[PDB]
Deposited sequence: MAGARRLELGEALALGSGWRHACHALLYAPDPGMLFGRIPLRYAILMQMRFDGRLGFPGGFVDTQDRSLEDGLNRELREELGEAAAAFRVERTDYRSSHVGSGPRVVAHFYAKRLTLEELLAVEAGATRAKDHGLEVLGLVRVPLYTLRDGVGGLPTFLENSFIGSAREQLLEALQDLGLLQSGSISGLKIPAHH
């Protein structure tokens, strides 16, 4: 009936401080996609399980350090609505596993093709009330990814 997609919000506690003063709370990964839009890592499933496809896609897009974990059904968060069903997952990593994913991503299959690069989501809001999170949210996103990010940030009290 539908064409199934799976995306994953990968995040890690980050005790780091911007400019020595501003607290990042989490490292949260999103990808700049080949179409110029921010989105979550993942894609379409085809693949013995929905978690199989998602993890395969994560490997193709993030590289082999994505085999150091495995997004399982336990990690499964939401399903949003062409005839595409968007299955949203969230996976808590150590900042270690996440840094390693940032390094390995510059040499995944999709580097420079489908994936134009990774970014962290600024959770802070800067001085003038625009810089940081609010400005970040005014870029362009693939369908729902802004809503899945907002949905997920409040599932963490943020």
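- Numbering the deposited sequence from 1, one finds several regions with no C-alpha coordinates, namely 1-17, 64-65, 101-103, 181-195.
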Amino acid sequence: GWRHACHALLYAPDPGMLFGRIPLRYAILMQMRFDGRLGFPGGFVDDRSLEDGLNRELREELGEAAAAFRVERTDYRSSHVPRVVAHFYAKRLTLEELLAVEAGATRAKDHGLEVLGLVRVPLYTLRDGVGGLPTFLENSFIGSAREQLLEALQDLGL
From here on, numbers count along this sequence of modelled residues.
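- Comparing the listed residues 45, 121, 38, 62, the entry records the largest Cα B-factor for 45.
- In the deposited entry, the Cα temperature factor of residue 127 sits in the top third of values across the chain's modelled residues.
- In the PDB entry, residue 70 places in the highest third of its chain by CA B-factor.
- Per-chain ranking of the deposited C-alpha B factor places residue 22 in the highest third.
- Sort the modelled residues of the chain by CA B factor and residue 102 lands in the lowest third.
- In the deposited entry, the Cα temperature factor of residue 52 sits in the top third of values across the chain's modelled residues.
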